[PDB]
Amino acid sequence: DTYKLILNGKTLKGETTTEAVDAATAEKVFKXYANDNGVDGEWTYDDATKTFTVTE
């Protein structure tokens with residue numbers, strides 16, 4: 001399935017999707033997009049849209 005990440009940095013904002021078998025593969029692609037943009041923060045998940053958000 002298509003999983004999405006919304007990257008909500010303080011100033012650096014972005015979005016990305018990855019095709020993955022499970023959510024917690026997608027989350028661990030997304031944490032390493034997030035951290036390697038140099039952006040960390042609180043993490044949420046929306047099951048209905050398969051979308052993570054990291055908010056700095």
Side-chain angles (χ1 to χ4, degrees), residues 1-35 37-56:
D1 299 69
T2 309
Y3 287 85
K4 174 182 282 235
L5 170 82
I6 300 172
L7 180 82
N8 235 54
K10 271 180 184 173
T11 54
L12 179 60
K13 326 257 184 169
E15 276 197 9
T16 180
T17 62
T18 181
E19 175 68 29
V21 172
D22 64 310
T25 304
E27 174 193 2
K28 243 341 127 145
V29 186
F30 288 160
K31 175 108 183 178
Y33 188 86
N35 301 162
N37 290 280
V39 169
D40 65 322
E42 71 224 48
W43 281 81
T44 41
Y45 179 69
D46 183 58
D47 163 53
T49 52
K50 289 176 159 75
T51 297
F52 296 85
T53 313
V54 55
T55 312
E56 188 183 0

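The first residue in the sequence is number 1, and the count goes up from there. All heavy atoms count here, side chains included; hydrogens, waters and symmetry mates do not.
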Taking all non-hydrogen atoms of both residues, which atom of [X] and which atom of [Y] are closest, and how far apart?
X	Y	value
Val54	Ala34	CG1-CB, 4.2 Å
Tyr3	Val21	OH-O, 4.2 Å
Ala26	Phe52	CB-CE1, 4.5 Å
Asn37	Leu12	O-CD2, 3.4 Å

Kindly compute the distance separating [atom1] ([X]) from [atom2] ([Y]), expressed to the nearest 0.5 Å.
X	Y	atom1	atom2	result
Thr11	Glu56	OG1	CD	7.5 Å
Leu7	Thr55	CG	OG1	9.0 Å
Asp40	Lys31	CG	NZ	7.0 Å

Q: Determine yes or no for a side-chain-to-main-chain donor-acceptor pair under 3.5 angstrom, with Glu15 supplying the side chain and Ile6 the backbone.
A: no

Q | Polar side-chain atom of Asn35 near backbone of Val39 as donor-acceptor pair, under 3.5 Å | A | yes

Compare all side-chain heavy atoms of [X] with those of [Y] and state whether any distance is below 4.5 angstrom.
X	Y	result
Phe30	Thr51	no
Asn8	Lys13	yes
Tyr45	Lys50	yes

